[PDB]
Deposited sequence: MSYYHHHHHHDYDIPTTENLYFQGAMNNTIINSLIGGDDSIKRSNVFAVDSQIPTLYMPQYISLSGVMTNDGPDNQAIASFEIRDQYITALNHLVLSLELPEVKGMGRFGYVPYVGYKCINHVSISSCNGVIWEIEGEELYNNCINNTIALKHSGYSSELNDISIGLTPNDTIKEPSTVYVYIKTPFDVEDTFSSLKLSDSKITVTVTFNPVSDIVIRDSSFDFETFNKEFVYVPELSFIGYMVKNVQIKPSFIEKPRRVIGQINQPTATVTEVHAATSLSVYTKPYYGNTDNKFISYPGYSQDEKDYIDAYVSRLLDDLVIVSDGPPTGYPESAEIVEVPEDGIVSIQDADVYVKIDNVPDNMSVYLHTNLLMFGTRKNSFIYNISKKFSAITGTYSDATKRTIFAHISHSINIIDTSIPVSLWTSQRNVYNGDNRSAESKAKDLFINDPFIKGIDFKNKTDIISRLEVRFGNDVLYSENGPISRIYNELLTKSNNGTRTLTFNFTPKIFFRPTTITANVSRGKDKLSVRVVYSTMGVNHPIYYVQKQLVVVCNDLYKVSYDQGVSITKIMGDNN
């Protein structure tokens, strides 16, 4: 009935129950906020000068942005993580030059695993859903403040890693992307006026440290260097590589051959399913039509077929089951059999979006004169939602391409997000089949599968990683970083990247998305404090 209740029935040394509480350097932290100086030398540049006899060291840079009230007519929304997308380049410099600098996309890539930093930058239904303005005085977006955590190497080990000011003046320079990049809008929205009236209103905050009798020592800093290859060039080279801690490789789409218009956008909801659902919903109004006689308002190239008694409409080998309840006696159910279609020859394989549907059910509403769709069985993927509208009507297409109504075409959105990777909005599709990295003429690393991305994701505990070669497994700040080292005499002083892209059919519109290869190299530098703060490249 009862049981024995006894404790620990299984029982030069280092003390694990006590430690000597070390007295630290005497200091005082302070959250300091500064207004900048705006310049259009006509790209927007904000400059922040930090010069104080009491600020001995600093870290944890946060940039505030006052987003204005948006008024007028049309559809408008901000890209997710708007604050990060605003950033083109961040530079930290002293009297001796640049101490540390980064491209906007690399800063974003460095913070992509930090949920809190991403939320602060602007990720909400209020900002990211596509809002509509009905009158010229209607408020589309209310004023808002976003916060961008400018992650720097000075944050790694808090005070130990902090940037020390050796009686030197520090300047933080932020270069901004055009407002076109951070905004999703329809043609109805007056962007011309918005672009003229929009001003970047920034404020820089940092944690400053007032230190008594600071004992400065030399340190090491990893400075990222980005190299972008030519359009559709599967190579890129990083020259003068002497001491690198890591190398990252990824693809970016190039939409210069398009008007940057897309059929749909999910808004705040960013899952793969949300992108697909938003796209399906945009097509359904033109796909299944309840009309009195053949539907009007569609191009002559459109092939709208009346749905038979059994509900099955055949588009070649593809069968589409369409069944709508409460259809008026004077009306019939019609299926648009070629809503979007692409073909390079008149008798080639045809990519038809209408063939990607297998079952469509719903109920017609007499009160609203609309079909309310219940269940949709389809094979629409993330690539479909990522096809620019221009690619459906490119010269390579022998067909009209876009057989949608003028109403649907007017609802198309301009998406100019500067940090898109791969060939889709989610970077789901891996389009690199093979990766080869050369240090000089010698093959340093090669792979036929994304094992370097698997390791990057595993080691960094992230789900949005890249093909990365890490040379440094040594703890940061407390140790001098381990690096791949050059041999100038043998010609091993450069990193050459070569990729082999995955293949596709010529009759798929996404085949024509132009790609650029991006190579990121982290070079090791020495931080010295002789005559103010200065950095020296390790060679």
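Ranges missing from the model, given as deposited sequence positions:
Unobserved in coordinates, per deposited numbering: 1 to 14, 26 to 41, 72 to 74, 573 to 576.
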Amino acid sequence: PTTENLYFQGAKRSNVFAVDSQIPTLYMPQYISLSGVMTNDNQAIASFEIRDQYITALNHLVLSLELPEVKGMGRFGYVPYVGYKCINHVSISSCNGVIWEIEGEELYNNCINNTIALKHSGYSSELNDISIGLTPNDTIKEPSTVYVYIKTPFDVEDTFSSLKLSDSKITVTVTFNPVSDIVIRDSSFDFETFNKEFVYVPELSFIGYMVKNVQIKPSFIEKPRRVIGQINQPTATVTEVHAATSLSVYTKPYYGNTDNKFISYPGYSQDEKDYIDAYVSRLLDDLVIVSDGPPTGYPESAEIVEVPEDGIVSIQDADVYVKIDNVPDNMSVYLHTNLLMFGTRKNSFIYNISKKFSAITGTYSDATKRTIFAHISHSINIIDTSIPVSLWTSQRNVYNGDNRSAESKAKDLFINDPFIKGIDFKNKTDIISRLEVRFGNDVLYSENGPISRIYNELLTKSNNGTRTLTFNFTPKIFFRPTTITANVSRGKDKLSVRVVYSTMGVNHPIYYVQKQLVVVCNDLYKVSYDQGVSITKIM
From here on, numbers count along this sequence of modelled residues.
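Could you settle it for me: does 263 to 271 or 289 to 297 have the higher average Cα B factor in the PDB entry?
That would be 289 to 297.
When the Cα temperature factors in the entry are averaged, is it 164 to 172 or 277 to 285 that ends up higher?
If you average the C-alpha B-factors of 277 to 285 and of 164 to 172, the larger mean comes out for 164 to 172.
In terms of CA temperature factor as recorded, identify the highest of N352, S379, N96, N416.
When the deposited C-alpha B-factors of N352, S379, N96, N416 are compared, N96 is largest.
Looking at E106, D317, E126, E447, which has the highest Cα B-factor in the entry?
Highest CA B-factor of the listed options: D317.
Could you place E407 in the lowest, middle or highest third of its chain by Cα temperature factor, using the values in the record?
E407: CA B-factor falls in the middle third of its chain.
Consider only the C-alpha atoms of the modelled residues in this chain, order them by B-factor as the entry records it, and name the third containing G440: lowest, middle or highest.
Within its chain, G440 is a highest-third residue by C-alpha B-factor, going by the deposited values.
What third of its chain's C-alpha B-factors does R226 belong to: lowest, middle or highest?
It belongs to the middle third of the chain when residues are ordered by C-alpha B-factor.
Ranked C-alpha temperature factor of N42 among modelled chain residues, by third:
As the PDB entry reports it, the C-alpha B-factor of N42 lands in the highest third of its chain.
Against its chain's modelled residues, does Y78's Cα B factor rank lowest, middle or highest third?
According to the entry, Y78 has a C-alpha B-factor in the chain's lowest third.
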